Each structure stands twice: as C-alpha cells, then as structure tokens.
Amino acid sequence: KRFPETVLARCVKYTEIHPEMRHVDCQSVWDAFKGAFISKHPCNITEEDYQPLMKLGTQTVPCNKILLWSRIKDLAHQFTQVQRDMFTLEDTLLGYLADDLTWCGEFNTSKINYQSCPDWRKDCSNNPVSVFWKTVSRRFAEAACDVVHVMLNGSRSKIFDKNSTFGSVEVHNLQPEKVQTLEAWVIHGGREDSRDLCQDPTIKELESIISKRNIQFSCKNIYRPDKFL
C-alpha cells in the first residue's frame, strides 16, 4: 500500500547511498517493475515477466563477499551491517527495493490490487511476489564466486529445508565454474547448547547436494552469536 511511491522512494534513496548505482533512472526502474505484473493474472507470472527489471537492476558486486541466508533475515542483516564488505540479497538494488512489500495486479485492468493478493500456499505459487523473489535469488546465486557463505537458524527444526527458497533456488544456481566452496554457519539460538549442529542430518543433506554439483562444502558452528559480532 502506497507501493508505487514506496518503490520510487527506495530506489532514489539507494541511488544516494551508492553513487555506483547513481547511473539509474528510477522512473525507468519503476516502469519495468510495473510492466512486470500489471494487467496480468496474478497466477501466470513467469520469470521473463521480470527480466527487464533484472537487466535494469544487475549490479557490480564483489562476488566473493556474498552472504546467503535461510530463515535468519535479522541476524544476517545485523552481520552484514558490521562486516561492512559483505552483502545479502537485501543489500542489492532490487532486494532493497522490494523487501517486506506486497504487490499484485489484475487481469484486464491497469489497477494495482490493494484489496487482496494471492497467498503462495493457499492460492497459487506463481504470484508476482514469489516469482520476483525466485528470480532475484536465482540471479544473486548465479553471481556468487569463490567461497560462498550461507547463514542458517540452528533452532529451526529443519536447519536446512529443501523447500526453502535458499534450498529450492539458491543451492542449485551456484555456479561450479566460479564457486569453489560453500561454507554454512549454523547459528545456535540456545538450541543444542553443546552439541555439534553441523552433524545434523539436514546439513549432511546439503553437503551431499552441493557436492553433486562439484562445489566444496564446509560448515562451522557459532555457539554465542552475540560476542560473534
């Protein structure tokens, strides 16, 4: 709600924070974001619907300082705001641009829907928002290189969930030509005060998955996340 001016204000703020992405027309960015989903049925959104926005949003970024995450948004952002040379998805133009927002159009109108928008599990899965996030996560993972770090909530009872966004799209789109190692950090939110959580079956599953792709798997516990920062 107040979505268009919010996208424009976020884009303009990001222009100022980064004089590298100053080379950006934010009305152009909003035009492409809009042309992605408006006047379409909100269950037929493909990924090429968003590709003009992806082209306007592709961004020079140190590929060896990417921090993925799955179900820990807050501590990952806390981290990337102290280790100021590492970046999450939400530190990009588009991630910063769409974070925590909701949007959807309607077939046969130029009207943005502020009434209701499709839920991903009760209605359909190819809605504007989830497809946007699928798309940007794919591209973000495709940019990564060298040693890629992913942070995981080690009190989530599936420390690595396959049907996660990280598990679904991000693990299978890290390129073995550029990435040598994926190293997980298992955050201890009081769970298993003493046990070694990298020995969890889901971490072993992720180890097998990323090793079928010719990429090394490392892992490391973080027992007390406070003094870690």
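Note that residue numbering begins at 1 and tracks the sequence as displayed.
Set 128-136 against 113-121 and average the Cα temperature factors; 113-121 ends up higher.
In this entry, the higher average B-factor at the C-alpha atoms falls on 183-191, of the pair 183-191 and 63-71.
Comparing the listed residues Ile215, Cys219, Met21, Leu206, the entry records the largest Cα B-factor for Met21. Out of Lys162, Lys40, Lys178, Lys34, it is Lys162 whose C-alpha atom has the highest B-factor in the PDB entry. The entry lists a Cα temperature factor for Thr102 that places it in the lowest third of the chain's modelled residues. When the modelled residues of the chain are ordered by C-alpha B-factor, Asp196 sits in the highest third. Among all modelled residues in its chain, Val171 ranks in the middle third by Cα B-factor. Sort the modelled residues of the chain by CA B factor and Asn44 lands in the highest third. Looking at the C-alpha B-factors along this chain, the one for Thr58 belongs to the highest third.
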